[PDB]
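Engineer: Let me begin by handing over the structure; questions about it come next.
Positions of Cβ are generated from backbone atoms using ideal geometry, with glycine treated the same way; all protein chains shown enter the neighbour counts. Taken together, the values in this text are just the output of simple stated rules run on the coordinates, not laboratory data.
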Amino acid sequence: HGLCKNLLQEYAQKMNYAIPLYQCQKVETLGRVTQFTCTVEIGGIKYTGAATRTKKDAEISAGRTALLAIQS
């Protein structure tokens, strides 16, 4: 999370871009369920996290998508 947020700022400078913008979304069932999908935009590419029930989870998946794409 912390480091997730940061390595991506490092990578945003190591590449010349304008800082990662985080977004959040929701899907809410008629009966009980709330699942947040989170997003990270760096470069001009939005990277999308898995759907989960808790924002930390998805905040991180979203980042794990961002770093792992970057790596390759």
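Engineer: In sequence order, what are the phi-derived ³J(HN,Hα) couplings for the stretch 10-24 according to the Karplus relation 6.51 cos²θ - 1.76 cosθ + 1.60 with θ = phi - 60°, rounded to whole Hz, with x for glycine and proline?
Structural biologist: 3, 5, 6, 8, 4, 10, 4, 7, 10, 6, x, 9, 9, 10, 9
Engineer: If the elastic network links every pair of Cα atoms under 10 Å, which of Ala51, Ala18, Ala62 fluctuates the most in the Gaussian network model of the chain?
Structural biologist: Its mean-square fluctuation being the largest, the pick is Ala18.
Engineer: Moving to a separate point now. Work out, in µm²/s and without decimals, the Stokes-Einstein translational diffusion coefficient of the chain at 10 °C, 1.306 mPa s, Rh from Kirkwood over C-alpha pairs.
Structural biologist: 127 µm²/s
Engineer: Moving on. Report relative contact order for the chain in percent, whole number only (criteria: Cα-Cα under 8 Å, sequence separation at least 6).
Structural biologist: Numbers: 114 pairs, mean separation 19.5, N = 72.
Value for the chain: 27 percent.
Engineer: Where is the GNM fluctuation largest for the chain (alpha-carbon springs, 10 angstrom cutoff): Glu59, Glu28, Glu41?
Structural biologist: Comparing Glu59, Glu28, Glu41 in the GNM, the peak value goes to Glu28.
Engineer: Put +1 on the Cβ of every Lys and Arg and -1 on every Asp and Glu Cβ in the chain; which of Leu21, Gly31, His1 then has its Cα farthest towards the positive end of the dipole?
Structural biologist: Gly31
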